[PDB]
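Novice: As input, take coords.tsv (TSV, C-alpha atoms and all ligand atoms):
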chain	number	residue	atom	x	y	z
X	1	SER	CA	0.00	0.00	0.00
X	2	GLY	CA	1.01	3.66	-0.35
X	3	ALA	CA	0.29	7.04	-1.93
X	4	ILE	CA	1.97	10.33	-3.02
X	5	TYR	CA	0.45	13.52	-1.55
X	6	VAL	CA	1.27	16.63	-3.64
X	7	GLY	CA	-0.82	19.80	-3.33
X	8	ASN	CA	-4.50	18.85	-3.42
X	9	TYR	CA	-3.90	15.45	-5.10
X	10	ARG	CA	-3.51	11.81	-3.92
X	11	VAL	CA	-1.68	9.50	-6.33
X	12	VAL	CA	-2.24	5.70	-5.83
X	13	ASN	CA	-2.05	2.41	-7.84
X	14	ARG	CA	-5.37	2.26	-9.73
X	15	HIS	CA	-5.91	-1.37	-8.62
X	16	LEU	CA	-5.80	-0.13	-4.94
X	17	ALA	CA	-8.02	3.02	-5.28
X	18	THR	CA	-10.93	3.45	-2.74
X	19	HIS	CA	-14.55	4.83	-3.01
X	20	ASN	CA	-13.48	8.42	-2.10
X	21	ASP	CA	-10.76	8.32	-4.78
X	22	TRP	CA	-13.27	7.33	-7.53
X	23	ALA	CA	-15.88	9.82	-6.21
X	24	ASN	CA	-13.28	12.65	-6.24
X	25	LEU	CA	-11.44	11.40	-9.35
X	26	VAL	CA	-9.13	13.81	-11.17
X	27	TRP	CA	-7.50	11.37	-13.64
X	28	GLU	CA	-6.91	7.63	-14.15
X	29	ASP	CA	-5.18	5.38	-16.70
X	30	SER	CA	-5.59	1.59	-16.48
X	31	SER	CA	-2.66	1.08	-18.90
X	32	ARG	CA	-0.37	2.93	-16.37
X	33	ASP	CA	-1.96	1.41	-13.15
X	34	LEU	CA	-2.43	5.06	-11.92
X	35	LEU	CA	-5.25	6.99	-10.26
X	36	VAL	CA	-5.21	10.57	-8.93
X	37	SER	CA	-8.00	11.86	-6.65
X	38	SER	CA	-8.51	15.31	-5.02
X	39	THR	CA	-7.85	15.92	-1.29
X	40	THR	CA	-9.03	18.57	1.22
X	41	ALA	CA	-5.66	19.16	2.91
X	42	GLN	CA	-2.37	20.10	1.20
X	43	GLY	CA	0.27	17.39	0.72
X	44	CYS	CA	4.03	17.86	1.17
X	45	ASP	CA	5.64	15.56	-1.44
X	46	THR	CA	7.59	17.14	-4.32
X	47	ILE	CA	7.46	15.39	-7.75
X	48	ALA	CA	10.89	15.04	-9.42
X	49	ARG	CA	11.26	16.78	-12.83
X	50	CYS	CA	14.37	15.04	-14.20
X	51	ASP	CA	15.68	12.00	-16.20
X	52	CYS	CA	17.43	10.28	-13.15
X	53	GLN	CA	17.97	6.50	-13.50
X	54	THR	CA	19.22	5.98	-9.85
X	55	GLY	CA	17.23	6.34	-6.69
X	56	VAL	CA	15.96	4.67	-3.50
X	57	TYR	CA	12.64	2.81	-3.04
X	58	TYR	CA	10.68	1.54	-0.01
X	59	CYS	CA	10.05	-2.22	0.21
X	60	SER	CA	7.34	-2.94	2.81
X	61	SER	CA	7.85	-6.78	2.62
X	62	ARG	CA	11.46	-6.21	3.84
X	63	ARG	CA	10.88	-2.97	5.95
X	64	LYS	CA	13.91	-1.62	4.03
X	65	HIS	CA	14.80	1.18	1.58
X	66	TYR	CA	16.98	-0.05	-1.28
X	67	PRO	CA	19.19	2.01	-3.60
X	68	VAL	CA	18.49	0.96	-7.22
X	69	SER	CA	19.35	1.67	-10.88
X	70	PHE	CA	16.16	1.71	-13.03
X	71	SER	CA	15.31	1.75	-16.75
X	72	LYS	CA	13.62	4.68	-18.55
X	73	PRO	CA	9.74	4.70	-18.63
X	74	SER	CA	8.60	2.12	-21.23
X	75	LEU	CA	5.76	-0.06	-22.60
X	76	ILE	CA	6.44	-3.42	-20.83
X	77	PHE	CA	4.46	-6.70	-20.93
X	78	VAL	CA	2.83	-7.48	-17.57
X	79	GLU	CA	1.55	-11.01	-16.88
X	80	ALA	CA	-2.10	-11.58	-15.94
X	81	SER	CA	-2.98	-11.10	-12.22
X	82	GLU	CA	-6.18	-10.83	-10.04
X	83	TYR	CA	-6.43	-7.08	-10.99
X	84	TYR	CA	-5.72	-7.07	-14.76
X	85	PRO	CA	-5.60	-9.53	-17.67
X	86	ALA	CA	-2.21	-9.96	-19.48
X	87	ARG	CA	-1.38	-6.58	-21.11
X	88	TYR	CA	1.32	-3.96	-21.88
X	89	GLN	CA	1.72	-1.43	-19.06
X	90	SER	CA	2.98	1.99	-20.25
X	91	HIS	CA	5.38	4.44	-18.43
X	92	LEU	CA	6.87	1.49	-16.46
X	93	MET	CA	10.48	1.40	-15.13
X	94	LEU	CA	12.24	-1.81	-13.98
X	95	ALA	CA	15.01	-2.41	-11.38
X	96	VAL	CA	16.61	-5.61	-10.00
X	97	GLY	CA	15.14	-5.83	-6.49
X	98	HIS	CA	12.59	-7.45	-4.18
X	99	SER	CA	8.91	-6.77	-4.74
X	100	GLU	CA	5.68	-8.59	-3.55
X	101	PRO	CA	2.05	-7.53	-4.47
X	102	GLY	CA	1.55	-5.75	-1.09
X	103	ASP	CA	4.64	-3.61	-1.92
X	104	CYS	CA	2.64	-1.58	-4.52
X	105	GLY	CA	2.47	2.04	-3.42
X	106	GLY	CA	6.04	2.20	-2.04
X	107	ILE	CA	7.78	5.37	-3.20
X	108	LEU	CA	10.78	5.53	-5.52
X	109	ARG	CA	12.76	8.78	-5.00
X	110	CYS	CA	15.83	10.49	-6.44
X	111	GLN	CA	17.65	13.74	-5.33
X	112	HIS	CA	14.86	15.74	-7.07
X	113	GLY	CA	11.86	14.18	-5.29
X	114	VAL	CA	9.25	11.48	-6.01
X	115	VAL	CA	9.88	9.55	-9.28
X	116	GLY	CA	7.06	7.00	-8.98
X	117	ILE	CA	5.46	4.16	-7.01
X	118	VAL	CA	5.89	0.30	-6.96
X	119	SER	CA	3.44	-1.24	-9.50
X	120	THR	CA	4.96	-4.56	-10.70
X	121	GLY	CA	7.36	-7.29	-9.44
X	122	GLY	CA	8.29	-10.97	-9.20
X	123	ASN	CA	11.26	-12.95	-10.67
X	124	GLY	CA	13.71	-10.75	-8.70
X	125	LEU	CA	12.54	-7.58	-10.46
X	126	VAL	CA	10.56	-4.53	-9.27
X	127	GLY	CA	8.63	-2.15	-11.53
X	128	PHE	CA	7.66	1.46	-10.82
X	129	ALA	CA	4.88	3.52	-12.43
X	130	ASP	CA	6.53	6.83	-13.49
X	131	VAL	CA	4.80	10.12	-12.41
X	132	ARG	CA	7.52	12.63	-13.62
X	133	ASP	CA	5.63	13.40	-16.90
X	134	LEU	CA	2.46	14.43	-14.91
X	135	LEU	CA	3.32	18.17	-14.87
X	136	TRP	CA	-0.20	19.22	-13.87
X	137	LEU	CA	0.49	17.65	-10.41
X	138	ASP	CA	2.55	20.84	-9.57
X	139	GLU	CA	-0.31	23.30	-10.33
Y	1	LIG	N1	0.51	-3.25	-12.34
Y	1	LIG	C1	0.03	-4.48	-12.34
Y	1	LIG	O1	-0.46	-5.01	-13.34
Y	1	LIG	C2	0.14	-5.24	-11.03
Y	1	LIG	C3	-1.24	-5.60	-10.47
Y	1	LIG	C4	-1.13	-6.30	-9.12
Y	1	LIG	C5	-0.01	-7.31	-8.99
Y	1	LIG	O2	0.03	-8.03	-8.01
Y	1	LIG	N2	0.93	-7.35	-9.97
Y	1	LIG	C6	2.06	-8.28	-9.83
Y	1	LIG	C7	1.66	-9.76	-9.72
Y	1	LIG	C8	2.92	-10.62	-9.78
Y	1	LIG	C9	3.82	-10.34	-8.56
Y	1	LIG	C10	3.91	-8.88	-8.19
Y	1	LIG	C11	4.87	-8.47	-7.26
Y	1	LIG	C12	4.96	-7.15	-6.87
Y	1	LIG	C13	4.08	-6.22	-7.37
Y	1	LIG	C14	3.13	-6.60	-8.29
Y	1	LIG	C15	3.04	-7.92	-8.73
Y	1	LIG	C16	0.88	-6.57	-11.21
Y	2	ZN	ZN	15.99	13.11	-10.29
Step by step, read the file and then write its structure as structure tokens.
Specialist:
Amino acid sequence: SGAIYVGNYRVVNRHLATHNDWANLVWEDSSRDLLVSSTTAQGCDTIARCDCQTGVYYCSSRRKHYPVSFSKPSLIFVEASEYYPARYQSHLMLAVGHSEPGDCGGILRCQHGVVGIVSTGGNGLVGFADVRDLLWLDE
């Protein structure tokens, strides 16, 4: 589980969004596993605006933050699961690291701020849904 709180927005994995998120929906994209909903209070996270390929992510299944190298956002095949059939997920970045389904929502950050959240995993890999192209999150 996990979310990014920037301004009056809440960014979560779309497969983990709640009633309030859908009711106060701002934007969603199934092909990116992302959902943004409006909030009453202001958040304090800063979104990174950069091309960094190194950062640190939180792994809840290990209670540990791991430094990682990650690929650029891409269209990657994601095997079928209980939340989606087999499909290509867009704006996805992979790293070699531990990831379990309950790890989705864990933040990936660089020196510039939040890069994205855990979305995929298994086979000794971990995938992150990029949020750095979502410029409207800053306004
Ligand atoms: N974005 C998606 O299509 C995800 C939906 C929920 C979900 O569990 N996953 C995968 C399943 C395989 C193991 C695994 C480990 C860690 C994180 C995520 C997953 C894919
Ligand atoms: Zn950066």
Novice: Write as a ChimeraX atom specification the residues around ligand LIG 1 (chain Y), taking 9 Å as the cut-off and counting all atoms listed in the file.
Specialist: /X:13-16,30-34,78-89,92,98-104,118-123,125-129
Novice: Counting only C-alpha atoms and all ligand atoms, name the residues that have an atom within 12 Å of an atom of ligand ZN 2 (chain Y); the answer should be given as a PyMOL selection string.
Specialist: chain X and resi 46-56+69-70+108-116+130-132
Novice: Counting all atoms listed in the file, note down every residue that has an atom within 8 Å of the point (-11.5, 14.9, -9.9) (file coordinates), as a VMD selection string.
Specialist: chain X and resid 23 to 27 36 to 38
Novice: With 8 Å as the threshold, what does the neighbourhood of (6.6, -2.2, -23.9) contain in terms of residues, counting all atoms listed in the file? Coordinates are those of the file; answer as a list in words.
Specialist: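 Collected hits near the coordinates: residues 74, 75, 76, 77, 88, 89 and 90 of chain X.
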Novice: One number please: atom CA of residue X:57 to atom CA of residue X:139, in Å, one decimal.
Specialist: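 Taking atom CA of residue X:57 as the start and atom CA of residue X:139 as the end point, the length is 25.3 Å.
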Novice: In Å, rounded to a single decimal, give me how far atom CA of residue X:96 is from atom CA of residue X:35.
Specialist: 25.2 Å
Novice: Could you please determine the separation between atom CA of residue X:21 and atom CA of residue X:3 in Å, to one decimal place?
Specialist: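 Atom CA of residue X:21 sits 11.5 Å away from atom CA of residue X:3.
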Novice: Mind working out the centre and edge lengths of an axis-aligned box for stretch 24-30 of chain X, all listed atoms inside, 3 Å added to each side, rounded to one decimal in Å and written as lines of an AutoDock Vina configuration file?
Specialist:
center_x = -9.2
center_y = 7.7
center_z = -11.5
size_x = 14.1
size_y = 18.2
size_z = 16.5
Novice: Please supply stretch 48-61 of chain X, rebuilt with N, CA and C atoms, as a compact mmCIF listing (two decimals), in the frame of the given file.
Specialist:
# COMPACT_ATOMS: atom_id res chain seq x y z
N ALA X 48 9.63 14.79 -8.74
CA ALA X 48 10.89 15.04 -9.42
C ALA X 48 10.62 15.44 -10.89
N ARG X 49 11.38 16.39 -11.41
CA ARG X 49 11.26 16.78 -12.83
C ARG X 49 12.68 16.62 -13.37
N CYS X 50 12.99 15.42 -13.86
CA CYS X 50 14.37 15.04 -14.20
C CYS X 50 14.38 13.75 -15.07
N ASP X 51 15.57 13.28 -15.49
CA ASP X 51 15.68 12.00 -16.20
C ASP X 51 16.49 10.96 -15.39
N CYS X 52 16.65 11.16 -14.05
CA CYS X 52 17.43 10.28 -13.15
C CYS X 52 17.12 8.78 -13.43
N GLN X 53 18.15 7.94 -13.39
CA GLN X 53 17.97 6.50 -13.50
C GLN X 53 18.51 5.78 -12.23
N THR X 54 18.78 6.52 -11.14
CA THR X 54 19.22 5.98 -9.85
C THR X 54 18.39 6.65 -8.78
N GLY X 55 18.08 5.88 -7.77
CA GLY X 55 17.23 6.34 -6.69
C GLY X 55 17.14 5.33 -5.57
N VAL X 56 16.18 5.52 -4.67
CA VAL X 56 15.96 4.67 -3.50
C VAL X 56 14.46 4.39 -3.41
N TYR X 57 14.06 3.13 -3.20
CA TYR X 57 12.64 2.81 -3.04
C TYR X 57 12.31 2.12 -1.71
N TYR X 58 11.06 2.20 -1.25
CA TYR X 58 10.68 1.54 -0.01
C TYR X 58 10.04 0.17 -0.29
N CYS X 59 10.57 -0.87 0.35
CA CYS X 59 10.05 -2.22 0.21
C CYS X 59 9.38 -2.64 1.51
N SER X 60 8.04 -2.62 1.57
CA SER X 60 7.34 -2.94 2.81
C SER X 60 7.51 -4.40 3.27
N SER X 61 7.62 -5.36 2.33
CA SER X 61 7.85 -6.78 2.62
C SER X 61 9.23 -7.07 3.24
